[PDB]
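Report on one structure; see the data block that follows.
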Amino acid sequence: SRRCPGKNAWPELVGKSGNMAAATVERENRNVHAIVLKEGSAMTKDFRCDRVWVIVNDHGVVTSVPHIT
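Using the working numbering, read the sequence shown as starting at 1 and increasing by one per residue.
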């Protein structure tokens, strides 16, 4: 059993504002929730469909792929 509804990764978000990214996740996937954080943020590592990490740079730009994590 490992198949959650909604997209699990938004590679196309790489390069977009952490806000637009998180929004895209919660919007495109109403079954998940995205959180905004910068590169190196002390965040969980486990897997959570309702949780999507939005890693952005000092400019608030999504540098890492926002995927169900």
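Quick reminder that beta carbons are idealized off the backbone N, C-alpha and C, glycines included.
Item to check | Own chain partners of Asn-29 with C-beta closer than 7 angstroms, once the 5 adjacent residues on each side are dropped | outcome: The answer, listed in chain order, is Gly-6, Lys-7.
Next on the checklist: Starting from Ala-42, trace the beta strand (DSSP E) in both directions and tell me its first and last residue.
Outcome noted: Careful: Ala-42 lies outside any beta strand (DSSP E) and carries neither H nor E.
Checklist entry - The beta strand (DSSP E) spanning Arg-51 covers which residue range? => result Looking at the DSSP string, the run of the beta strand (DSSP E) that includes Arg-51 is 51 to 56.
Item to check | Alpha-carbon to alpha-carbon, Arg-2 and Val-14 | outcome: Using only the alpha carbons, I get a separation of about 25 angstroms.
Checklist entry - Where does the unbroken alpha helix (DSSP H) through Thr-24 begin, and where does it stop? => result Note, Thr-24: alpha helix (DSSP H), 18 to 28.
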